[PDB]
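One-based numbering along the sequence shown. Both counts, for ligands and for their atoms, begin at 1 and track the order of listing.
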Amino acid sequence: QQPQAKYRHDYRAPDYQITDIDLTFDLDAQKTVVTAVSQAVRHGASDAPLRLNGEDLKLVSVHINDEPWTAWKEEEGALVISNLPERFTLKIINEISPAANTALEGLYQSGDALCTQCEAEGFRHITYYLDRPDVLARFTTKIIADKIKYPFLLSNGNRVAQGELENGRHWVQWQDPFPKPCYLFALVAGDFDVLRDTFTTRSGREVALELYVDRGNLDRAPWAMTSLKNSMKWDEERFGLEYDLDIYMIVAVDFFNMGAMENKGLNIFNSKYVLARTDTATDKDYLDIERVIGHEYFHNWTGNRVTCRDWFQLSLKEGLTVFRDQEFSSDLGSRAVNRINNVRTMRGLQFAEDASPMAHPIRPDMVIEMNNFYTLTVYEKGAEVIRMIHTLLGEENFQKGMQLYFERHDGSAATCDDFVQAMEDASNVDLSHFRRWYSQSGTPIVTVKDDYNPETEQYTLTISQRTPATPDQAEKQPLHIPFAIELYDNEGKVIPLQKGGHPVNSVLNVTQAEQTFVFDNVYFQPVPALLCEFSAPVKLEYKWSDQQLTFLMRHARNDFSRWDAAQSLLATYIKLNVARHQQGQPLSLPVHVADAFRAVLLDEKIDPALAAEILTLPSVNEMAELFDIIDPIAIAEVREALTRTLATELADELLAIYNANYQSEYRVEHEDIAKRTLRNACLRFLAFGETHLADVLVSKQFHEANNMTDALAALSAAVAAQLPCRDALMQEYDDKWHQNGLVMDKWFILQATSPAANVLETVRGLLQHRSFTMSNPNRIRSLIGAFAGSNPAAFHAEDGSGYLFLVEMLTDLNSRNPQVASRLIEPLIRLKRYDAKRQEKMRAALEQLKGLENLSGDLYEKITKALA
Ligand SMILES: [NH3+][C@H]1CCc2ccccc2CC1(O)O
Ligand SMILES: [Cl-]
Ligand SMILES: [Cl-]
Ligand SMILES: [Cl-]
Ligand code: NA
Ligand code: NA
Ligand code: NA
Ligand code: NA
Ligand code: NA
Ligand code: NA
Ligand code: NA
Ligand code: NA
Ligand SMILES: [Zn+2]
């Protein structure tokens, strides 16, 4: 039988705590023997049994105070031990098999290395334990292994003992002084190259930094090391937080379901978020390494020193740590580009989740499989909620709140409500209504109407809000929405906001279903900028004229507003042209719209970083969110037609800006990255110029590129525009790079997202490619996941072939690696957003999956919601 849902309202403090655990691993890939000696204390009723979680363990023995115990039973997922004293020593010996662990949860093999992933509930795959994050224990870990195969034996904390044994084995013992929940346990065993460096904290603590990579990869490690030092310095400067241990280890592994993991003092990272060299990694890879290194470092305080009482509180650490990583990237780099791209993710991907059958509040109320809740909502919307607190409080108050949060909760497992209370108490800002953001799912819609009264020189905004019902929640209530505005006069000058002789804050508190805001001394009919810096995670309904939007593109003070105005301008014409496509009619675009983009190209005063984003059209997933019923073929074809029309109308300006932004030196420096992003944004359109001009330009860039950013931009353009050189360039890239999986992932993505008519045949054939394997999550995501999630036009082919392909892949992955399967099923659970014929085929696919033998809980949860 499938597992039953668990509910946030059922939280109960544990009947037993474990204060200290001494682990011994006698390591082997086929068989590992685990000995766990735990010091336990009863907190609950004297007759309560100890209920330990365990999965796929071979129990060898149970002792209580060294007495072999008879009062125990194994049940599904558990070991239940009765008749215990109030305080006692529990000793469990059990066996596990890392080589059999294809799910990559618990202790498993990554190539020749052994490594762990314990979040959320993986430690119970290692031993029988209280695998819940409000149980905080001091760990000591002894690792015994063959010395030749496993010369490095790592766990959390500091090395406290080591020895050698007969028959070529050796051992190391680690001690981590900070009590932790078991999801933060890590173990690594293998042979590695190690990059070693040092960071000295502002108070003088010297921290040894160690980055473990596969042999031969040292020259790909310096950027990650530099980013770790940058993260440590920034957390000191911005948050006043120092690292708290003596060593900081990071291990890069090739086989990893997640991007990275914040295990205390021993982070484990997917190699994608560590390894970089300029010929193999793009600017985006460099900035993603920076943000993920930062994210995991920032968890040391927001997640580790203060952890989560229960898994429904996941956003307590994830929303806050994502906010921290965004602030880090934004401070060091381009704040406008960071904000823009985070808003693209919110509007184009998280909004889709929040109206889907999987919709949940950032603090869920009901979960079947927790590892399904590591979501865009919990992370990205979670961060938007933190950012709204920051908007309401300001930086100084926000940092006072952080300080009070740590003062109260350091060394504990806390709740979202605890965090909000700390912010409220430190700042004196009332967040009682604001708390509804934690409990209500769905995207609010904010509708704005305006009126300018020339007789009284008053401007009035009438603002309404509503959240449509979602499948998880029938009751919706108004939220406390921080709604930032700016008003512009006819010369683009800001109009001071005031009423009754007093200044009015530009962040309006939209707290009611409907309310009005009156501003006086408004000497001219304003052009408003609304929802500035995306001040709340909402859909905005305001009846813009095209002229208001092009005005904002020329005059708005914040770069984000200029980009956002361009998005609103495009939205009207994307919608127009999708409707036209459905009636067989070609693209129609007023001249004045093309001219707004011409002006961006020719404006010497605009930051190239901003111009590049304005000249990057919304993705097909961003476009889908504009529509009640998604027509993925119309969207894809309109996106191409819009690209072609702009390429034709702007051909001379695009080429001039492309050439003007040429850089002979390659540097991973923000100003250079911006110029390159602008040059390559122009290239996307130039690829749709006259076929031969485009073919020459694109092939030249590919062959002359001195860095992977420019080479991949050219290759992507050859695929997108189906240029003559495409097949030759794609083969050259394969021949050069086939032994490098991270580099080939880029090529698999291009294959999977190709506009070619035969894309599915190509994708299917690539299941046999020398660089592809179903054993590697990165390869799976880059080929299969990109097809289903990033090529909706082909995934939603009207013959249903895309659904049948995904069913085949999920039939394999349901058994092999359910976490990856559950990420890959997401496109099918969006069926109610599609036309009836597509829904019928998608339902049939889901019903096939529902009937699988040994259906994983991961997929069961999503399938059940989708078929309801
Ligand atoms: N705590 C981990 C959990 C794994 C995971 C899943 C989804 C996005 C990011 C991450 C990285 C993380 O650091 O947040
Ligand atoms: Cl073995
Ligand atoms: Cl590696
Ligand atoms: Cl700005
Ligand atoms: Na004892
Ligand atoms: Na910055
Ligand atoms: Na589970
Ligand atoms: Na997981
Ligand atoms: Na009006
Ligand atoms: Na208006
Ligand atoms: Na302001
Ligand atoms: Na292969
Ligand atoms: Zn995280």
Side-chain angles (χ1 to χ4, degrees), residues 104-105 116-122 133 180-181 183-186 231 250 256-264 267-270 272-273 288 291-300 302-304 307-308 311 313-325 345 349-350 370-383 390-395 447-453 459-464 482-487 494-498 503-509 516 525-526 528-529 532-533 535 541-545 548 557-558 561 777 781 819-820 822-823:
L104 320 183
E105 168 185 38
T116 54
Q117 174 60 28
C118 294
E119 190 180 5
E121 297 171 326
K180 57 170 166 296
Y183 80 86
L184 290 172
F185 173 77
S231 297
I250 295 175
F256 204 66
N257 276 344
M258 325 296 178
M261 180 62 213
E262 69 266 23
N263 317 291
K264 183 78 176 192
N267 296 175
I268 298 170
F269 274 57
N270 191 305
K272 173 180 174 186
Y273 296 122
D288 274 339
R291 81 184 83 253
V292 176
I293 291 276
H295 184 97
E296 305 307 335
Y297 181 71
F298 301 144
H299 270 306
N300 192 50
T302 53
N304 300 1
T307 191
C308 299
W311 289 117
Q313 320 298 323
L314 178 59
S315 201
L316 175 67
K317 70 182 178 78
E318 299 305 340
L320 182 53
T321 301
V322 171
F323 176 77
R324 285 157 50 64
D325 86 52
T345 294
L349 298 173
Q350 192 280 329
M370 185 59 209
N371 294 305
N372 287 340
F373 288 81
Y374 285 73
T375 57
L376 290 155
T377 296
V378 165
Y379 278 67
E380 315 291 1
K381 183 173 169 175
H390 182 273
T391 292
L392 292 169
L393 267 60
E395 176 75 9
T447 303
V448 177
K449 323 223 92 68
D450 65 355
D451 178 75
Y452 180 64
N453 186 328
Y459 181 67
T460 301
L461 296 176
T462 302
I463 307 184
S464 309
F483 190 86
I485 70 165
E486 191 148 283
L487 301 183
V494 176
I495 297 165
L497 301 179
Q498 56 175 311
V504 170
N505 196 288
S506 66
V507 178
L508 308 183
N509 295 293
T516 61
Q525 185 166 319
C532 295
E533 294 184 80
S535 62
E541 296 182 336
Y542 175 86
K543 297 181 229 59
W544 298 106
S545 74
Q548 285 178 310
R557 283 196 322 194
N558 196 288
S561 291
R781 292 181 288 237
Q819 283 166 4
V820 179
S822 182
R823 295 284 191 184

* Structure fact -> Heavy atoms of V448 and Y542 approach each other most closely as O-CD1, 3.4 Å
* Structure fact -> One finds that the ligand 1 atoms under 4.0 Å from a non-hydrogen atom of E318 are 1 (N), 14 (O)
* Are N267 and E296 linked by a side-chain donor-acceptor pair shorter than 3.5 Å? -> no
* Please report the closest heavy-atom contact between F256 and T116, naming both atoms and the distance. => CE1-O, 4.2 Å
* Taking only heavy atoms of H299 into account, list the atoms of ligand 1 that are under 4.0 Å away from them. => 1 (N), 13 (O), 14 (O)
* Could you tell me whether some N/O pair between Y374 and ligand 1 is separated by less than 3.5 angstrom? => no
* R823 N/O under 3.5 Å from ligand 1 N/O -> no
* Among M258, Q117, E262, which residue places a heavy atom closest to atom 2 (C) of ligand 1? -> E262
* To do: Please report the C-alpha distance between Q350 and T377 in whole Å, then the side-chain angles of each, then the deciding distance to 0.1 Å, and finally whether the side-chain contact (heavy atoms from CB on, under 4.5 Å) criterion is met.
  => CA-CA 6 Å; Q350 192 280 329; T377 296; 3.0 Å; yes
* Does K317 NZ have over 12 foreign heavy atoms under 6.0 Å away? -> yes
* To do: Report the name of the N/O/S atom of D450 located nearest to the Na ion (ligand 9).
  => O
* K317 neighbourhood, listing ligand 1 atoms whose heavy-atom distance to it stays under 4.0 Å -> 1 (N)
* Donor + acceptor pair across side chains of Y374, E119 (<3.5 Å) -> yes
* Please walk me through it: do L376 and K381 pass side-chain contact (heavy atoms from CB on, under 4.5 Å)? -> CA-CA 7 Å; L376 290 155; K381 183 173 169 175; over 6 Å; no
* Asked: Of the protein's non-hydrogen atoms, which lies at the shortest distance from atom 10 (C) of ligand 1, and what is that distance?
  -> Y379 OH, 3.3 Å
* **Protein residue, atom and distance nearest to atom 11 (C) of ligand 1, heavy-atom basis** => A260 O, 3.3 Å
* Asked: What are the two closest heavy atoms between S535 and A484, and how far apart are they?
  -> OG-N, 3.0 Å
* Asked: From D451, does some N, O or S atom reach closer than 3.0 Å to the Na ion (ligand 9)?
  -> no
* Structure fact -> The atoms of ligand 1 lying under 4.0 Å from a heavy atom of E296, numbered in the order shown, are 11 (C), 12 (C), 13 (O)
* Asked: Any N/O/S atom, backbone or side chain, of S506 lying under 3.0 Å from the Na ion (ligand 11)?
  -> yes
